[PDB]
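Asker: One structure is given below, represented as structure tokens, and several questions about it will come after.
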Amino acid sequence: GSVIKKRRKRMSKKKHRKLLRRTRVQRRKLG
Amino acid sequence: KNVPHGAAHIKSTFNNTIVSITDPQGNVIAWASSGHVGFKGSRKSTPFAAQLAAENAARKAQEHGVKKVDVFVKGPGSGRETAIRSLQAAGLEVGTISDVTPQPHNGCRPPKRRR
Amino acid sequence: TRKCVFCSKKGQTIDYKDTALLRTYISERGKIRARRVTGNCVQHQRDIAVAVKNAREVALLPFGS
Amino acid sequence: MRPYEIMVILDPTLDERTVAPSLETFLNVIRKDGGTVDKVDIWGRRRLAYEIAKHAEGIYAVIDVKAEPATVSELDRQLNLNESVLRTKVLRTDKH
Amino acid sequence: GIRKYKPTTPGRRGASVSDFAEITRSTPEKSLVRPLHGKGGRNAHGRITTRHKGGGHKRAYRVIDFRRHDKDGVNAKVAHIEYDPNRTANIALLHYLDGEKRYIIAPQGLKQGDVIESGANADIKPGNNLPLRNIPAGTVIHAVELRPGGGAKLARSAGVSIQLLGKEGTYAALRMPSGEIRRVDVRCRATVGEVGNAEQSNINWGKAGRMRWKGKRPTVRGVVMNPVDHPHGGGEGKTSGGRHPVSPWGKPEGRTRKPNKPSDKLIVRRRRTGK
Amino acid sequence: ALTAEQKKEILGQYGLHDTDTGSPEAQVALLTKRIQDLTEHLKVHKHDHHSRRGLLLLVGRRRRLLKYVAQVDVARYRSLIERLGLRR
Amino acid sequence: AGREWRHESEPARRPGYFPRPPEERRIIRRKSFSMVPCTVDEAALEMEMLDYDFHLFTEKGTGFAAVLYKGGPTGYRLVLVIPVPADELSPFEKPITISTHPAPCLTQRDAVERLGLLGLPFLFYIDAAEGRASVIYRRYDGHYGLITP
RNA sequence: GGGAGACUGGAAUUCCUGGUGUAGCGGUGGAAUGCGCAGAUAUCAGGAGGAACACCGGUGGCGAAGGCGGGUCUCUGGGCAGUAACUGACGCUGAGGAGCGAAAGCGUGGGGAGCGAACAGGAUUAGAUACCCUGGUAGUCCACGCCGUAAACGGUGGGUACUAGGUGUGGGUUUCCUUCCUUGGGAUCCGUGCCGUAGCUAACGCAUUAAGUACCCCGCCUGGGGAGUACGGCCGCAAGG
């Protein structure tokens, strides 16, 4: 199939990973 | 000194050629490089620069008493052909031609591919 | 093509001691000759390669003279 | 009790007339271990393909033994420990 | 091996103790034990010369045979492996065939009932002692002498080994555990194999009590001292000393080996740091 | 695997008669001997996972054979289990 | 160098002969046209109608084997087994020059190796085993053409 | 070249030492950082150390999958063929569950030649947190353990029976040309490719190694985003799953 779907999925996963990197310490302090 | 018989080591890389005449016990007696004959940068990767370096090394060995020599080529082909032709053309007799290139038996990791 | 001189009824055994039978199978540079240029079967080619390597290990054949 | 073939290369300086007796003593252990049979052949003073331990010539000896694997390993250890043995190589004359 | 204490108490949380698996006897030989009393780090004048010493559990000295030069040609049988408090390594009790008992530091892999021989005709099994001239190059040795007769001095700690590189002339080039390369006369005897108890360094001592039992007084930092006591002392609040680091007697950091020692000619290359 | 003599002695001791080799008793005995040998081997080489898979296959086959025996005749199953020490 | 191809990518350098790599290269052309003594002009005429760039003959005055070839813009060039001056060489009218180097002594495999590592259209040499002249050239099928007496 | 352990071989790279030896070497599309003139590069001799095993070597072998080739020894798993002596349906699948599971990554202890995230400069560019160049730490390696993910793909779950052929190639049995040397050819069993009927498909294509004709069992899908995300829970040192 076309790689457009894979592009959407990788963008979503990348954004989630960046969010996790940004809030790692806050999650640890609240967890 | 006077060394009637010696060896010639030619290392022709992709961007330079180095020619060295050697007393057969392994002692360099006269060497000429591609950049030593007035070339610099990519200009010294040309076969003409190899010709000039080989001729200069041949003269710098000839006045030292070298008459007959045997050549050990080495390196990817840039100016080896012209190097040996110039070694002959400068009055230096060529005894034998030997291709001794360091060939690993798949050892060490080569650098990553360019793009 | 060519003949696997070992699959024949007169096929001499392959050993790392008999150096001439191996020298006839390596090129002048000492490299092991290909199977097609020789024509022997796969098992005999593998046995020849193993014998050549062993003979090199025991200093009976040069390592690329 | 399996059959083995041990090829040894010794330095050329030592006299050949002592190679056969000395090697004999080296097999004595494997002779007294489990009732083993030996066949010794010597074709030495042949120049090596490449330099081994600052040497160009070497004495080649072939020993056909029929013994236990532990005994052969112990014999190989002793042979490698000896300073007059340049190299040893052990093969199995069985299907392997 | 290493046995880790369960975190039942705050003093035992991260603690661990050596699992004395190789020890085969809980008592030493009565004829090989000499009295030993603690000095406290104080020399013949009664003044403290080495700080952070004193206290600690009382211990006795087991006479170790670092000079195995008499029993050449006499085989010995390892009778036991015991615990020596004066050293990190474990000691093995030998029973020579003539009827004499001796103590040696147990090499790596030595087991009860093994046969230990010595001399020029000895084998190259671990535990055997023979002069460096008869030891083939490349092997691993320990308890090496420095002069032909002075006894073992080098590679005596636990898990420590010396790699014999090669012999030339009358000198053998050894790679010390520090990585330093030194030459030594070939007449010096050596023992084959690594030293046992290699896992001892992985011990976590848990609390200050263990160190106090081992005989180590607390060590006070220099920046919490006063300027009369230490060069780093003084200042309001915490400080770094306000001066390049120095010993309590003012000697600055750097090389302290005295130059032009007579042994400088026998050192091939010194150890290296930060490589 | 086992040598010919070990197989012969196991078959003679556990076989129903002097000829059978595929009887479930003989198969279970041979599998148990192989399993104990493989366990003794694996106690030295802990990281030999492929032989561990082979051991798992042998264990499963022995369990299936014991299931068949217990389904056909209970007394034979009890006798075999008690004779081979086979826990189950 | 070889990976990937584009419109302006450098065209592959192809020799005149069919490749026929060292594997089964062989020597399947052995001419022995003429060894009757000739002079320089006669050798040049024997060159011209044969349409061959080089030609191996035996010289009149010397009695030695020699090879003539086109010396390029300099004219023609003559190579002898042992270099001799023009005076000993038989009289001629064509403008030629003599190669000062002598034909060396070397084996068959060494000759093939020298030809490969020296890239000349041919190699003229005194064979080690034979002791006589020989000219090897890469043929038009990839094999080496060894011309012998 | 199925797996584990032990010992060991050579070429080559790097570094060190000692000769000969000079003014450049290196690098690129072109250069500059960089190295060298305190003696570099080159050449010879010696030494140390680590990693990977040129030729054999392929759409060829083994393995359930990941994956697996320098040599020798020890231990060990699986497969195929023939005889059909033996047991006599003991078979298939398998919710959960357990085990194995590329690389990257984590912990403890070692090792560290080459390569090399990060990080420095050099260069290109309007801008270069990049592509190219010079250096280079983790890491890549070993031992014991963790994690449990991949375009982990043949994007094709496992077992069985049947349905035109033709031709390569691996392994094993046998009849006839018969020299019996020979891929002689035939027959047959087990793999591994290519082309092609019927048939199937939306088409591309698959086509005896089915994506054809049918039977047994399991897993999975119900428009695209939100989202394999939030909450809750389990596992994990952590990343995270």
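Quick note on naming: the chains in the structure tokens go A, B, ... in the order shown, residues restart at 1 in each chain, and ligands are numbered from 1 in order of appearance.
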List every residue of chain C that has an atom at most 8 Å from any atom of chain H, and for each one report the closest atom pair and its distance in Å to one decimal, counting only C-alpha atoms (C1' of nucleotides), with rows sorted by chain and then by increasing residue number, as a tab-separated table.

Answerer:
```
residue	atom	partner	partner_atom	distance
C:8	CA	H:181	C1'	7.2
C:9	CA	H:181	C1'	7.9
C:31	CA	H:55	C1'	4.8
C:32	CA	H:55	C1'	5.2
C:33	CA	H:56	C1'	7.4
C:34	CA	H:56	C1'	6.8
C:45	CA	H:56	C1'	7.7
C:46	CA	H:56	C1'	7.2
C:49	CA	H:56	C1'	5.6
C:53	CA	H:71	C1'	7.2
C:54	CA	H:71	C1'	6.3
C:57	CA	H:9	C1'	5.4
C:63	CA	H:10	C1'	7.0
```

Asker: Give me, as a PyMOL selection string, all polymer residues having an atom no more than 8 Å from residue 13 in chain B, counting only C-alpha atoms (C1' of nucleotides) and skipping those fewer than 5 positions away in the same chain.

Answerer: chain B and resi 45+75-78

Asker: Write out the residues from the selection above, keeping C-alpha atoms, as a short mmCIF file (atom, residue, chain, number, x, y, z; two decimals), in the first residue's frame.

Answerer:
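See out.cif below for the written result:
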```cif
data_model
loop_
_atom_site.label_atom_id
_atom_site.label_comp_id
_atom_site.auth_asym_id
_atom_site.auth_seq_id
_atom_site.Cartn_x
_atom_site.Cartn_y
_atom_site.Cartn_z
CA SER B 45 45.93 13.09 -8.73
CA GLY B 75 47.35 1.35 -4.84
CA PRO B 76 44.25 1.92 -6.95
CA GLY B 77 45.12 2.71 -10.55
CA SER B 78 45.65 6.45 -11.01
#
```

Asker: Starting from chain C, keep only residues with some atom at most 8 Å from an atom of chain D, counting only C-alpha atoms, and report them as a list in words.

Answerer: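 Residues passing the distance filter: residues 58, 59, 60, 61 and 62 of chain C.
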
Asker: If I take CA of residue 144 in chain E and CA of residue 74 in chain E, how far is one from the other in Å, to one decimal?

Answerer: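 Distance between the two atoms: 20.6 Å.
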
Asker: For a test of reading the model, state the distance in Å between CA of residue 98 in chain G and CA of residue 134 in chain G, rounded to one decimal.

Answerer: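 We find that CA of residue 98 in chain G and CA of residue 134 in chain G lie 18.3 Å from each other.
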
Asker: In Å, with one decimal, what is the gap from CA of residue 179 in chain E to CA of residue 247 in chain E?

Answerer: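 Separating CA of residue 179 in chain E from CA of residue 247 in chain E is a distance of 26.3 Å.
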